[PDB]
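Q: As they sit in the full assembly, here are the leading chains:
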Amino acid sequence: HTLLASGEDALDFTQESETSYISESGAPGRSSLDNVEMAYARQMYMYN
């Protein structure tokens, strides 16, 4: 009866999400990396 009379008993709907792309940035000297990445740098440097 609600649908026939344009009434409703409650309803819901939205839309989904799509890909969003973000990144980071670097810095020289006083740099944007971490001590973590510096230790990694030793490893990949000796490896390469």
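A: Received the coordinates, thanks. Numbering: from 1, shown residues only, chains lettered A, B, ... in the order given.
Q: where do the helices sit along chain A?
A: Using DSSP state H, the helices assigned to chain A run over residues A:35-47.
Q: Residue most distant from the centroid, it?
A: The outermost residue of chain A relative to its centre, with distances by C-alpha atoms, centre = their mean, is residue A:1 at 45.4 Å.
Q: how far away is the residue lying closest to it once chain neighbours are set aside from residue A:13?
A: The spatially closest residue to residue A:1, leaving aside those adjacent along the chain, is residue A:7, at 7.3 Å (C-beta to C-beta, 6 or more residues apart in numbering). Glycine gets a C-beta too; all of them are placed from N, C-alpha and C. The spacing between residue A:7 and residue A:13, counted by C-beta to C-beta, to the nearest Å, is 17 Å.
Q: Which one's more surrounded, the two?
A: Neighbour count, other C-beta atoms under 10 Å: between residue A:7 and residue A:13, residue A:7 has more, with 8 against 4.
Q: build in chain B:
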Amino acid sequence: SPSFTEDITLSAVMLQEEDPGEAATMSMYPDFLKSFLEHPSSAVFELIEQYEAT
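A: Take a look at chain B, now in place beside the chains above:
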């Protein structure tokens, strides 16, 4: 209303971004001007309801 379907769908097509608010902000003004077109300047109250609804 089509307005709600457009709201959800453009929320999907817009969420990728990070500053949707100003995009919608500018999107408002063409509606302002169209409304100025269809209705006079003594109908400011109906202007206000359309403001609020949109």
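Q: State the distance from the residue farthest from the centre of chain A to residue A:12.
A: Counting by C-beta to C-beta, the separation of residue A:1 from residue A:12 is 20 Å.
Q: Just give the number of residues close to residue B:20.
A: 15 (other C-beta atoms under 10 Å in any protein chain shown).
Q: For it, give me its contacts.
A: Residue B:20 sits next to residue B:14 when contact means C-beta atoms under 8 Å, 6 or more residues apart in numbering or on different chains.
Q: excluding its backbone neighbours, what's nearest residue B:8?
A: Counting by C-beta to C-beta, 6 or more residues apart in numbering or on different chains, residue B:8 lies nearest to residue A:15, which is 3.8 Å off, once chain neighbours are set aside.
Q: Show me what counts as buried in stretch A:24-32.
A: By neighbour count on 16 or more other C-beta atoms under 10 Å in any protein chain shown, the buried set for stretch A:24-32 is empty.
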